[PDB]
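J.: no sequence for this one, just the structure:
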């Protein structure tokens, strides 16, 4: 047979990502995880970001970041 091109892994949750401008993710139920979203602002890809060390707002938004429900 082939080289097995149909992995499975331990995917037992509702984890998913939300396309837009950056790379974000969210998962609540067992995995409990999420990928930050678009930073402060940029022109080409990098420029102005959010310092979660000084501003807690970025942190809350990062953990709150989740996919659409429509």
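T.: Arrived safely, thanks for sending. Numbers count the residues shown, from 1 in each chain.

J.: which SS state does residue 61 fall under?
T.: helix (DSSP: H, G, I helix; E, B strand; the rest coil).

J.: actually residue 39, not the one I typed
T.: coil.

J.: Residue 57: what secondary structure?
T.: With three-state DSSP as the basis, residue 57 sits in helix.

J.: What separation do you get for it and residue 49?
T.: 13 Å (Cβ to Cβ, to the nearest Å). To be clear about C-beta, it is placed using only N, CA and C from the backbone, and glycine gets the same treatment.

J.: Of these two, which one has the most company?
T.: Each of residue 57 and residue 49 has its neighbours counted (other Cβ atoms under 10 Å); residue 49 has more, 13 against 10.

J.: Contacts only, for the nearest residue to the more buried one once chain neighbours are set aside.
T.: Residue nearest to residue 49 in three dimensions, not counting chain neighbours: residue 39, with 4.2 Å by Cβ to Cβ, 6 or more residues apart in numbering. Neighbouring residues of residue 39 by Cβ atoms under 8 Å, 6 or more residues apart in numbering: 22, 48, 49, 50.

J.: try it again with 7 Å
T.: 22, 49, 50 (Cβ atoms under 7 Å, 6 or more residues apart in numbering).

J.: Kindly report the same for residue 35.
T.: 17, 23, 24, 25.

J.: Which one of the residues you listed is nearest to residue 43?
T.: Nearest to residue 43 among these, counting by Cβ to Cβ, is residue 23 at 18.1 Å.

J.: For the closest one, which non-adjacent residue is closest in space?
T.: Spatial nearest neighbour of residue 23, excluding adjacent residues (Cβ to Cβ, 6+ apart): residue 35 at 5.9 Å.

J.: Need phi/psi at the one you found.
T.: Note on residue 35: backbone dihedrals following degrees, to the nearest 10 are phi -100, psi 130.

J.: re earlier: tabulate the contacts of residue 35 (a markdown table), appending distance to residue 7.
T.: Output for the contacts of residue 35, formatted as a markdown table (distance: Cβ to Cβ, whole Å):
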| residue | distance to residue 7 |
| --- | --- |
| 17 | 17 |
| 23 | 20 |
| 24 | 23 |
| 25 | 18 |
